[PDB]
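Shown next, in structure tokens, is the structure this report addresses.
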Amino acid sequence: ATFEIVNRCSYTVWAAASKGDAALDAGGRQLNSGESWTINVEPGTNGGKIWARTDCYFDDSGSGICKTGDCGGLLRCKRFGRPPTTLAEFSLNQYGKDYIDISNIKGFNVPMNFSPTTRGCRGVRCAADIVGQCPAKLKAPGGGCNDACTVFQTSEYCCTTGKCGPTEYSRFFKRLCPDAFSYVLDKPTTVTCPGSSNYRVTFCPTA
């Protein structure tokens, strides 16, 4: 399957693509404002994620660091990024269907639209001004809006014990972006698409 990643933001972003235990395609690449990059994702890929990284600096060796979404200080990501990261998530060819969604469980850094380029289903978007409305305690020093688990590190927000339910911090994200996951046990907002569909992830989608 093909995933076209387009940066429509006025600022440069360093795109990232990984499945947690490995990089997807090149794993990462600098995307100037108005630049697009298409990656190939093997069918059957489960737990894949695509995100943007902001305020980065990398040298010709591939080493560097980013203020949001850093993945082990590498340009070509092999692991998931450090919050805050708006996430495009997908599992392909699952019983003949693809499953996609956007998640704020690891925070929010850049607005995003995640839509198929082929017929059969609809897209998902979270482009509300979450950073501009970010709760005081979730405001991230290097930009973006952190999730509550990253900040407080308690079961109430991290969902590590029995209970775990919606909180004031998860509701912050959910209210602004109802079609995105706001916490671990949030009611699924996943979209079911035909198997082997193609997609486009757009950073800073326009109205």
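The figures that follow rest on heavy atoms only: side chains count, while hydrogens, waters and symmetry mates do not. The chain is numbered in sequence order, starting from 1.
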Test side-chain contact (heavy atoms from CB on, under 4.5 Å) applied to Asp70 - qualifying residues, sequence neighbours left out:
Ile65, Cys66

Derivation of the side chain to side chain contact (heavy atoms under 4.5 Å, CB included) call for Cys77 and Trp51:
CA-CA 11 Å; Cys77 296; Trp51 70 104; 4.0 Å; yes

By the rule that ILVMFWY residues connect when side-chain heavy atoms come within less than 4.5 angstrom, directly or transitively, which residues belong alongside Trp14?
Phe58, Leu75

Return yes if some donor-acceptor pair links the side-chain N/O of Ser155 with the main-chain N/O of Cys159 below 3.5 Å, else return no.
no

Nearest heavy-atom approach of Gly120 to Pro194 is CA-CG, 3.7 Å

Same cluster (ILVMFWY, side-chain, under 4.5 Å), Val124 and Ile105:
no

Indicate if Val6 and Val41 have the same hydrophobic cluster label, given that clusters are the connected sets of ILVMFWY residues with side-chain heavy-atom separations under 4.5 angstrom.
no

Euclidean distance, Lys67 NZ relative to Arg82 CZ, rounded to 0.5 Å
10.0 Å

Residue list, ring-ring contact (aromatic ring centres under 6.0 Å, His included) with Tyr183, at least two apart or on another chain:
none

Can you list the residues that meet the side-chain contact (heavy atoms from CB on, under 4.5 Å) rule with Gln153, with sequence neighbours excluded?
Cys149, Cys158

Any side-chain heavy-atom pair from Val201 and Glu4 closer than 4.5 angstrom?
no

Under 4.5 Å between side-chain heavy atoms, hopping through other hydrophobics if needed: is there a path connecting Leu87 to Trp37?
no

Salt bridge (charged side-chain N to carboxylate O under 4.0 Å, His left out) partners for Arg29, two or more places apart
none

Between the main-chain N or O of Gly20 and the side-chain N or O of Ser18, is there a donor-acceptor pair closer than 3.5 Å?
yes

Okay, side chain of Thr86, backbone of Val110: is any donor-acceptor separation there less than 3.5 Å?
yes

Would you call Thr189 and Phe181 a side-chain contact if the rule is heavy atoms closer than 4.5 Å?
yes

Check whether any side-chain heavy atom of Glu89 sits under 4.5 Å from a side-chain heavy atom of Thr190, and report yes or no.
no

Side-chain heavy-atom pair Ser182, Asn104 within 4.5 angstrom cut-off:
no

Listed partners of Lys78 passing side chain to side chain donor-acceptor pair (under 3.5 Å), at least two apart:
none

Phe80: which residues meet the ring-ring contact (aromatic ring centres under 6.0 Å, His included) condition with it, sequence neighbours left out?
none

Not counting sequence neighbours, which residues clear salt bridge (charged side-chain N to carboxylate O under 4.0 Å, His left out) with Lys106? List them please.
none

Taking all heavy atoms of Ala23 and all of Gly27, pick out the closest pair and write down the distance.
CB-CA, 3.9 Å

Please examine the side chains of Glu42 and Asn40, heavy atoms only from C-beta on, and report whether any two atoms are closer than 4.5 Å.
yes

Under a 4.5 Å cut-off applied to non-hydrogen side-chain atoms, are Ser115 and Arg200 in contact?
no

Using the rule ring-ring contact (aromatic ring centres under 6.0 Å, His included), only one of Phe173, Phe172, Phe152 pairs with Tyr157; which is it?
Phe152

Would you compute the distance between atom OG1 of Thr118 and atom OH of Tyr199 and round it to the nearest 0.5 angstrom?
6.5 Å

Applying side chain to side chain donor-acceptor pair (under 3.5 Å), which residue pairs with at least one partner in residues 121-146 are found, sequence neighbours left out?
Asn113-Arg125

Enumerate the residue pairs fulfilling ring pair (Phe, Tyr, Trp, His ring centres under 6.0 Å) with a member in residues 88-112, sequence neighbours excluded, ordered by first and then second residue.
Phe3-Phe90

Whether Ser33 side chain and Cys9 backbone form a donor-acceptor pair below 3.5 Å:
yes

What distance do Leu24 atom CG and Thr45 atom OG1 have between them, rounded to the nearest 0.5 Å?
6.0 Å

Is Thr202 reaching over with its side chain to a backbone N or O of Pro205, donor-acceptor style, under 3.5 angstrom?
no

Is there a side chain to side chain contact (heavy atoms under 4.5 Å, CB included) between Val131 and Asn109 once you walk through the steps?
CA-CA 7 Å; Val131 184; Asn109 65 163; 6.0 Å; no

Separation of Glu156 CD from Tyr169 OH (nearest 0.5 Å):
9.0 Å

Would you say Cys204 and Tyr11 make side-chain contact, with heavy atoms under 4.5 Å?
yes

Contacts satisfying salt bridge (charged side-chain N to carboxylate O under 4.0 Å, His left out) that involve residues 172-184 (not counting sequence neighbours) are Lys174-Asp186

Joint cluster assignment, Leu74 & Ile39, ILVMFWY side-chain distance < 4.5 Å:
no

For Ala127 and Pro111, which heavy atoms make the closest approach, and how far apart are they?
CA-CB, 3.7 Å

Connected via hydrophobic side-chain network under 4.5 Å: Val13 and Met112
yes

Please test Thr12 against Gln30 for side chain to side chain contact (heavy atoms under 4.5 Å, CB included), starting from the C-alpha separation and ending with a verdict.
CA-CA 7 Å; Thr12 301; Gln30 185 183 320; 3.8 Å; yes

Is the shortest heavy-atom distance from the side chain of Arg53 to the side chain of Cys71 under 4.5 Å?
yes

Can you tell me how far apart NZ (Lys97) and OG (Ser91) are? Round to the nearest 0.5 Å.
15.5 Å

Minimum heavy-atom distance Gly107-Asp147, with the two atoms named:
N-CB, 3.6 Å

What residues, two or more places apart in sequence or in another chain, satisfy side-chain contact (heavy atoms from CB on, under 4.5 Å) together with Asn93?
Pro43, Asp98, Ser196

If we check side-chain contact (heavy atoms from CB on, under 4.5 Å) with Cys145, which of these qualifies: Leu138, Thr68, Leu176?
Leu138

